[PDB]
Amino acid sequence: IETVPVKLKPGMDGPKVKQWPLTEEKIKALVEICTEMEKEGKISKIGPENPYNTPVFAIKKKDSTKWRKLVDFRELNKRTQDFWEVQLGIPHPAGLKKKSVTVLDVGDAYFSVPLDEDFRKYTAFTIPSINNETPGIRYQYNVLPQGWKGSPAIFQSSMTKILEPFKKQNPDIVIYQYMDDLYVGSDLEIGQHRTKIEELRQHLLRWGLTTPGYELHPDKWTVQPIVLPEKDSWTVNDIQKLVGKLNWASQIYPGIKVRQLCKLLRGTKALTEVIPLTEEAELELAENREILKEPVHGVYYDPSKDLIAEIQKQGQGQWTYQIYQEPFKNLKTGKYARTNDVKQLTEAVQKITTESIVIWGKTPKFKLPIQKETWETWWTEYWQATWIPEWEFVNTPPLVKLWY
Amino acid sequence: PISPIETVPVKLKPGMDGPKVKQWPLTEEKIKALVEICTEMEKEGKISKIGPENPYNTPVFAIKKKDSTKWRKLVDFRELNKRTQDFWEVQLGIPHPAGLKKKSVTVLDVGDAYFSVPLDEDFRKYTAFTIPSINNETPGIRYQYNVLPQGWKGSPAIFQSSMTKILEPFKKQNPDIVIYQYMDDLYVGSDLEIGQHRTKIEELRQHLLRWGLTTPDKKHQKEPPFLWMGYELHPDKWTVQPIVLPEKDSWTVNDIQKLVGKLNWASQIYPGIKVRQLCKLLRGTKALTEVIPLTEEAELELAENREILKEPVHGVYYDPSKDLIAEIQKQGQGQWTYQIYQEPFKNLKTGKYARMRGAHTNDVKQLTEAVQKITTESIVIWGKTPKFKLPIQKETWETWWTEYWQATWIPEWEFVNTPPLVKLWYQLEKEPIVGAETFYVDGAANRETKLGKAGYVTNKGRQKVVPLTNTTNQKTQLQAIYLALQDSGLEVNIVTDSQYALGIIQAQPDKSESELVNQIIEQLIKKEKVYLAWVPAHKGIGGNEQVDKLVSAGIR
Ligand SMILES: O=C1Nc2ccc(Cl)cc2[C@@](C#CC2CC2)(C(F)(F)F)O1
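Chains as they are written, first to last, in PDB author numbering: chain B, 1005 to 1102, 1104 to 1217, 1231 to 1356, 1362 to 1427; chain A, 1 to 102, 104 to 557.
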């Protein structure tokens, strides 16, 4: 077909990111995946006249054994935003976040559309070699690539033709496309939903597009409150911490009255000294916590601002997080629990990212509590998504205290 | 020759046009030179004549070559270059000898490489220079290039790209002949016999000949040793080139540096190399010729290093069918060394880690840092992460990782008792210390003065308030905790309101850059039970309120 002319954000230039070192098997795995993408003519070898580079990795399928190529187009996406967002934007359904949602990988569907011959140089990538004993294999895309948010946008046309029949015959089933994935949601019963899915897989199949699984239940995604203890005992130590956390709960969740519980059994007593109880207190613990159960009044999602995900390590496979646009203005807090610390953190990121895509339709930027070099060395060892969120590394302060 | 090989198309940065630098007049002897030289090249095909219908001109010079027998032709391309397109780097890494597979190795060197390769036609017109005529009279001979000019941006890029495409077939034919191409040279090795090897070599030279690429005859230079990139490679082993310690009277900064440099370079295969004492001496903007008297430790360190180098030590080559074991040893303070091997003690490569990583850090953290570093290095060199052998207890490690705020991993590892063992030098209780004073430390200070009173107050009436001079509002909160530890028992409950103070201590630091913080540590290592709590600073809570009063009142 005719290629959709693509252009970069004027003033900006193609990606020039280095290829992070890979382990033997991921190399061998890729030189095989790319050697076949060459037969099929989806990518072509390139010359030194290409000054560009975008990194790539090999991850494992849905826990199977067939490696997948994962190109990190995180940069080129930015250099292309104007294109994939305003020009050919893809609408997000507010209904999706409301009994079941299946995620289907309509990815292979892009390698069928040519890519503007004038844009292919911007998708160059390199397959490194151990110990640098060899130049290093270079390539570029001739067809729409998979990590590139640009792909969905161009393919957003053909896609509609495919789904159309299925949509016209199921006016109540929601379909959302998001960079490589198709999100199908319905209020039906598991059996009726699950069936309707297969039904869709067949429509897809007729356009040369096989499918998988993986079911999310959005209507049961709930907020993670900021808990307040409730022990029968009570030490000066305990009550102090209680007034410590309640303090925090004020720079957010406006209305948290801590006046009564404060100045409580004060003076200069030993931390141990067990203490009584008050009636203003009994009422303040409850009066406040009740405010802590509900969402922050005054906070609303802002389509123009970035979403941020902050994750704290709670200990014992416990991880707590928060999604917000303006510090301490939580659009949502949550949890994640149940081997390696890195193995769990990446797990949580994807869960969170997935939830973010369903609700706001965009991935958040993670402020990750780990050492940069460590993350980079292993994230791709447990990663299974086809997208890669933005991420900065932070040093979690003595705030793990409160669950937020 | 001029390899038939296709040419790499190239062009100038988009919003730009060729160079047009005027040709400054050269002396008569120089003009003769360039004429004897160019005329020569032209007969070779490396350059061709062009007329005044070529608005592109790049300066030309000549300088006496080796001892001045023959002249050389320097074509200051700086202009063409700043306008040429950016290319893909020639190398983004170097083979580490330790990652090379261990019979026959010889090195062929491409004669006139850059010149034995064609240049994209549509671009030739830009590499047009000119030979002046005895004081700018006659016009001059105009010339352009048909092969890769020397000092040009894309000559290394395009030469390599080609030399690679030319080897592809031969390599495919002999997947048993490892071929590494470093610039103008080609390192070729195999597990054949000196006879069957040289046979292949020829076949290669021939294959190369069929592509305009000329190569040595009996001057193969093969004969390992192989002095390459600082190393001395042999077919069976490797090592750093000869390191020789000057051993002189007085040392200048310039001297201490070159030394630190050989030593760092030696530490790749030589275990034990220490440079902490020597580096110290290089602190503070010091003249490059300034002599520096050696301290005790330095004088000694140079000794131990001198010792480690008296006898040659060689590394061994990598074997894919075996694992990699890496053992890390804690040398002195904040100093770590490690060895990587496959066969017990036949080191593949050595190394040392000393990075600081801010102030406030403890051995477990550092060891995790050294493990990370070594891992990265092993993925690049050997394509896989080694199995570690650490001088830390699985207990000390698990106890430290499961409580820390930061996420931490660490590849398969085993213990190995090689003292000094690693350990946490003190813990912080989770639940208060019943029957044990409760110091409420606090601090403050005037900002447009830098004066503050640090102090505390207990549940036993005690209350001290020592004044400070030139302290930040923080030190006065971190100094109040140092007090609470002095005039305190072997078990104490300190209550601070300095997130800043609570942060530093909470992360069991066992060494620091803050002298106070180091003091606050000795204490902690001496107490027998400490508990740290925080409460809203200056918010007015029973306790902090009271100390806050005699602390802030006056001098605030
Ligand atoms: O894999 C090997 N083995 C090897 C063993 C001994 C010597 Cl000296 C040289 C090599 C070799 C190389 C190289 C250049 C970077 C130094 C060769 F490619 F074979 F030349 O790389």
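We put the CB at the ideal spot given by N, CA and C, even for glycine.
First through last residue of the alpha helix (DSSP H) which encompasses residue i
i	result
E302/A	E297 to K311
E492/A	Taken as a continuous stretch (DSSP letters only), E492/A belongs to no alpha helix (DSSP H), being part of the beta strand (DSSP E) at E492 to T497.
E1040/B	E1028 to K1043
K331/A	Not the alpha helix (DSSP H): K331/A falls in the beta strand (DSSP E), residues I326 to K331.
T39/A	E28 to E44
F1160/B	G1155 to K1173
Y483/A	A481 to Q487
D549/A	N545 to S553
Extent of the continuous beta strand (DSSP E) run through residue i
i	result
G456/A	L452 to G456
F77/A	From DSSP, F77/A is part of no beta strand (DSSP E); its letter is neither H nor E.
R284/A	That residue, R284/A, is in no beta strand (DSSP E); it is neither H nor E in DSSP.
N1348/B	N1348 to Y1354
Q207/A	Counting along the chain, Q207/A falls outside any beta strand (DSSP E), though it belongs to the alpha helix (DSSP H) covering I195 to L210.
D1186/B	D1186 to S1191
Of the residues the options, the one placed nearest residue i, counting alpha carbons only
i	options	result
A1129/B	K1013/B, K1032/B, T1403/B and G1051/B	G1051/B
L1210/B	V1010/B, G1112/B, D1192/B and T1351/B	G1112/B
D511/A	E523/A, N255/A and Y501/A	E523/A
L469/A	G456/A, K385/A, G462/A and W383/A	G456/A
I178/A	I159/A, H198/A and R358/A	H198/A
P1217/B	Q1207/B, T1139/B and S1379/B	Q1207/B
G112/A	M41/A, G213/A and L168/A	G213/A
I293/A	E302/A, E36/A and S251/A	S251/A
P170/A	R125/A, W153/A, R211/A and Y144/A	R211/A
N265/A	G504/A, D364/A, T351/A and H235/A	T351/A
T362/A	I506/A, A502/A and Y271/A	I506/A
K1263/B	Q547/A, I434/A, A538/A and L551/A	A538/A
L1214/B	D1186/B, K1281/B and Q1373/B	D1186/B
For residue j and residue i, the rounded distance between their alpha carbons
i	j	result
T1039/B	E1029/B	15 Å
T1409/B	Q174/A	38 Å
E1089/B	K1011/B	13 Å
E29/A	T215/A	32 Å
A446/A	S515/A	19 Å
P1243/B	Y1339/B	11 Å
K366/A	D76/A	52 Å
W414/A	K390/A	6 Å
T1253/B	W401/A	28 Å
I159/A	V8/A	7 Å
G384/A	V1245/B	47 Å
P133/A	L26/A	7 Å
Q222/A	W1406/B	49 Å
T1362/B	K1331/B	14 Å
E1122/B	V254/A	57 Å
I1274/B	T1240/B	22 Å
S553/A	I521/A	23 Å
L1425/B	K1249/B	17 Å
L1026/B	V435/A	54 Å
Which residues DSSP lists as bridging residue i, in chain order
i	result
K353/A	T338/A
residue 103/A	Residue numbering in chain A jumps from 102 to 104; residue 103/A, which lies between, is not modelled.
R143/A	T131/A
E1053/B	The partner list for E1053/B (beta bridge, DSSP) is empty, contrary to what the question assumes.
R1143/B	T1131/B
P217/A	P217/A is not bridged to any residue.
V1292/B	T1253/B
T1409/B	None, per the DSSP bridge assignment.
Sub-8 Å separation of residue i and residue j beta-carbons
i	j	result
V1276/B	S1268/B	yes
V314/A	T419/A	no
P1019/B	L1080/B	yes
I380/A	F416/A	no
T376/A	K353/A	no
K1347/B	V1317/B	yes
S489/A	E438/A	yes
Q336/A	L425/A	no
query: How would the residue list near ligand 3 read, in chain order, if you kept each one whose beta-carbon is closer than 5 Å to any heavy atom?
result: This structure simply doesn't include ligand 3; it includes ligand 1 instead.
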